[PDB]
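Trainee: Got a structure for you, questions after.
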Amino acid sequence: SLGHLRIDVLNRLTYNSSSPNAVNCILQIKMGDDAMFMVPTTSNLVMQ
Amino acid sequence: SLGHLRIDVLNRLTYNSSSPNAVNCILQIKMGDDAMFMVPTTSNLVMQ
Amino acid sequence: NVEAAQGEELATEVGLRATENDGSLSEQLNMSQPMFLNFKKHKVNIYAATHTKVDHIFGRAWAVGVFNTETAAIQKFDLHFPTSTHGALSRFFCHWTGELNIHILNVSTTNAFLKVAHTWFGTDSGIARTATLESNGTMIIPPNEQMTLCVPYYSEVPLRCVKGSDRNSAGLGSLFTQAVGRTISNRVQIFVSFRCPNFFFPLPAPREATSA
Amino acid sequence: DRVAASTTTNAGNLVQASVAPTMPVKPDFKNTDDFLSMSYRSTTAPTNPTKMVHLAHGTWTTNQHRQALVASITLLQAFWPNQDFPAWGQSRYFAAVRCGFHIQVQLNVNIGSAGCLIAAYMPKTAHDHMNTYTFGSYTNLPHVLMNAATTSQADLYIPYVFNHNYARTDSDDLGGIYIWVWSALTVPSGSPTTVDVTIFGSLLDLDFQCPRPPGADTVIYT
Amino acid sequence: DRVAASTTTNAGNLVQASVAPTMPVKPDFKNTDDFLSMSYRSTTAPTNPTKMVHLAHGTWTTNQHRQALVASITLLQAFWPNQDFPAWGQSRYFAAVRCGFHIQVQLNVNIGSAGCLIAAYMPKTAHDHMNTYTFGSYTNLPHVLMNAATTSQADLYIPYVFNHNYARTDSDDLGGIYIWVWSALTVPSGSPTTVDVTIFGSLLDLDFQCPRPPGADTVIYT
């Protein structure tokens, strides 16, 4: 495991009458600047 | 006739709860930069 | 203006040409082909090398003949110019002179050496010169192996003609082989590739023969 | 009385026994009209097919979940499906297209709604199969994200990208822009539910080649 | 997030809350293709309507006397009466024509026949009435005489000549070329009687203006 990331509330969402009740969010992992990969190897998966 | 101008919807008006349902619009014809007029002439109209 | 163009002198360029005066046939090669207002003639080389050049095209070899040899007796095998392959592109020319490669491919279930020798003159030079092929340029080929040996041009006819089948001057050669080492079912396959050919004079494009 | 040749565009004329041409007395062949009865620039006519046009609007509502498709545009067949479009008449002759593409996605969201549509670009040979692609990875494509709030317009320029050198007009060969739901919209009450989406396109770097009969199809690359 | 305007040809786009555009990695927007898959010049497409076209052939026989009419062409409506002609598709949009004209009268007479046709040019407001004109005087017009013997082709260039500044496409406004019998032909026997006449036209100094709906007519000068 690469480790947990936890997302918690500091301040609850404050919704207005003209405003939505709850919002939908998305996480994305972008690989870094310096990231190397090494020593190519086969795997059992198919089509990838 | 000087020709039609048509005004149509690309995207319907999106109204909010704090926002009006429908808006009132106005067309104005401004005469151009270079527009000349020519050869003055009387007409049958009155007061104009 | 931009679109239109006019004569009356350059109507030669717009494609009007009198076939009755051709000059030399090679003079037509110099002729500038006609063009309208919009065409762009540009020579675009996609490959560095040219497949069109005589030197390159006949570099690719082609397969003439297959036979198994179970007998040590000297094998007469005659080489015609290529038919039914890209070698048939050479069918435009009669007179041909140049040295030619021979790729022979030895297949032996039981271990056998096989020998290759080439003679431009046929079996009969007026005497039977086939008594032993050792002295005529023999090159020995190991079992399950192949070699690229090329034959120099030795002929009493300075120019071979492609078309004719006449054994004297027409063919591009006649090939001799014999197995050694007390074997059978020694099977060979032989490939003929030209090297820096010189083709002289053209002929019309030959008819496909359905009736042979 | 000599040989006179005449060539315009594709056509050409080789005449024998020609006669010298005639023109009215004191002719003036200068094209433009000065003074001008038209304010337009005389390069209008050939330029005209490049004009930007409304393309394939779609309606994106609450109910549609993620990975759903709002609207679809087949790129190269999009600019002249009908006779009404400006680039149609001149594309009804020439059979090939080298043209580049400019597409500006128009969108309007009433302030107080939240969600995203994604405008991507999928070339034909890619478009052949949707089933292969993970959804979470579509951002690898040339694209632009569109936030509900604070985005009026999304401007993306697409260079010509396709297998074959030239592409057939009447076909789908350039592939097309597909607009996907990145996240559901969230509507407070009361609000209009349907958020209308209009893909307002354009075209640039115009090219045509390889003449054909007006109505007939012709194969080129295959 | 600022105001972004976009203008191409006639259309224009004024956007608020714009987003910076996107392009594929290492884009190359150069239009032309090198190496070339097409030998044609890329200016072909806009130039194409200028291409010279067969126009309204006619049959001139023995029986027809002098002052008779061999064939008739209504000039401006001549280049796109049908959908087949090259200049049609692009003239089906723009409603006005400033264009000049190039018409080359093609004719072939079997050696040993004698007679003449005259190729004249009559503008519209002239064409309204034939009845006024003496025949013997038609040579005042811009024209070319055509001898049976020793004339292959007759080349005449017509500059734009008309009352109004611009002329309507779909109408006859430019008038037209009318070909008349200057003297009867004389045929020895045996010979083919009918001598076929084909007016092989063209167009130059192309111009168009004043956009309209594709199929609808519009008044301008009247």
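Residue numbers (the deposited numbering), protein chains in the order written: chain C, 197 to 244; chain C', 197 to 244; chain A, 31 to 242; chain B, 37 to 258; chain B', 37 to 258. A prime marks a further copy of an entry chain. Just so it is clear, CB atoms sit at the ideal spot from N, CA and C, and this is done for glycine as well.
1. Could you check the C-alpha separation between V44 (chain A) and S42 (chain B) for me, to the nearest Å?
2. List the residues that DSSP assigns as beta-bridge partners of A40 (chain B).
3. Buried or exposed, going by whether 16 or more other CB atoms sit within 10 Å of the CB of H90 (chain B')?
4. Can you list, in chain order, the stretches of the beta strand (DSSP E) that have 3 or more residues and sit fully within the region 177 to 252 of chain B?
5. Given a threshold of 16 other Cβ atoms within 10 Å of its Cβ, counted over all protein chains shown, does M243 (chain C') qualify as buried or as exposed?
6. Does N220 (chain C') get closer than 8 Å to chain B when you measure Cβ to Cβ?
7. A147 (chain A) bridges to which residues according to DSSP?
8. According to the Cβ coordinates, are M177 (chain A) and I214 (chain A) closer than 8 Å?
9. Name, going along the chain, the residues of the region 48 to 74 of chain A whose beta-carbon falls closer than 7 Å to a beta-carbon of chain B.
10. Using a Cβ-Cβ distance cut-off of 8 Å, determine whether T238 (chain C') contacts chain B.
11. Which chain C' residues sit within Cβ distance under 8 Å of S213 (chain C)?
12. Does DSSP put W116 (chain B') in a helix, in a strand, or in coil?
13. Relative to the C-alpha of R134 (chain B'), which residue among B':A150, B':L112 and B':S54 is closest?
14. For a quick check, are the C-beta atoms of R197 (chain A) and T127 (chain A) less than 8 Å apart?
15. Determine, using beta-carbon pairs with one atom in the region 40 to 58 of chain B and one in the region 191 to 208 of chain B, whether at least three such pairs fall under 8 Å.
16. Over the uninterrupted beta strand (DSSP E) stretch that includes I87 (chain A), give me the two end residues.
17. So if DSSP puts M169 (chain A) in a beta bridge, which residue, or which two residues, is it bridged to?
18. My understanding is that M158 (chain B) touches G94 (chain B), with C-beta atoms under 8 Å, so please give their C-beta distance in whole angstroms.
19. Considering only C-alpha positions, which residue in the set B':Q103, B':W124 and B':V231 is nearest to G172 (chain B')?
20. Quick one: list the residues of chain B neighbouring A118 (chain A), beta-carbon separation under 7 Å, in chain order.
21. Alpha carbon to alpha carbon, how far is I256 (chain B') from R204 (chain B')?
22. Whose C-beta lies closer than 7 Å to the C-beta of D52 (chain A) among residues of the same chain, with five residues either side of it excluded?
23. Any beta carbon of chain B sitting closer than 8 Å to that of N217 (chain C)?
24. Note down the Cα distance separating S215 (chain C) from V141 (chain B), rounded to an integer number of angstroms.
25. DSSP puts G172 (chain B') in a beta bridge; with which residues?
26. Determine, using beta carbons only, whether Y157 (chain B') comes closer than 8 Å to chain A.
27. Can you name the residues of chain B whose CB is closer than 9 Å to the CB of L206 (chain C')?
28. Quick check: the Cα distance between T161 (chain B) and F115 (chain B), rounded to an integer number of angstroms?
29. In chain order, what residues of the same chain have a beta carbon less than 8 Å from the beta carbon of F230 (chain A), not counting five sequence neighbours either side?
30. How about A155 (chain B') and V180 (chain B'): do their beta carbons lie closer than 8 Å?
31. Can you tell me where the beta strand (DSSP E) with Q140 (chain B') in it begins and where it stops?
32. Between the C-alpha atoms of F236 (chain B') and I139 (chain B'), what's the straight-line distance to the nearest angstrom?
33. Bridge partners of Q105 (chain A), per DSSP?
34. Show which residues of chain B' have a CB atom less than 9 Å away from the CB atom of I76 (chain A).
35. In the DSSP assignment, find the unbroken beta strand (DSSP E) run with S138 (chain A) in it and report its ends.
36. Could you spell out where the alpha helix (DSSP H) holding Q126 (chain B') opens and where it closes?
Mentor: The short version:
1. 7 Å
2. Among the bridge pairs identified by DSSP, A40 (chain B) is matched with B:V51.
3. exposed
4. 179 to 183, 189 to 194, 214 to 222, 231 to 240 and 245 to 247
5. exposed
6. no
7. A:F206
8. no
9. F66, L67 and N68
10. no
11. Within 8 Å Cβ-Cβ: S213 and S214.
12. coil
13. If we check each option's Cα against that of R134 (chain B'), B':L112 comes out closest.
14. no
15. no
16. Per DSSP, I87 (chain A) belongs to no beta strand (DSSP E); it is in the alpha helix (DSSP H), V84 to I87.
17. A:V146
18. Actually they do not touch by this definition, with Cβ atoms about 16 Å apart.
19. Nearest option by C-alpha distance: B':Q103.
20. Within 7 Å Cβ-Cβ: nothing; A118 (chain A) doesn't reach chain B, min ~29 Å.
21. 8 Å
22. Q58
23. yes
24. Roughly 25 Å between the two C-alpha positions.
25. Residue pairing by DSSP places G172 (chain B') opposite no residue, since no beta bridge is assigned to it.
26. no
27. Residues of chain B passing the Cβ test: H90, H93, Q142, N144, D232, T234 and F236.
28. The C-alpha of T161 (chain B) lies about 20 Å from the C-alpha of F115 (chain B).
29. Cβ within range, chain order: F123, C124, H125, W126, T127 and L189.
30. A Cβ-Cβ contact shorter than 8 Å links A155 (chain B') with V180 (chain B').
31. First-last of the beta strand (DSSP E) with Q140 (chain B'): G136 to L143.
32. 6 Å
33. For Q105 (chain A), the beta-bridge partners assigned by DSSP are A:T207.
34. Simply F71.
35. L130 to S138
36. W124 to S127
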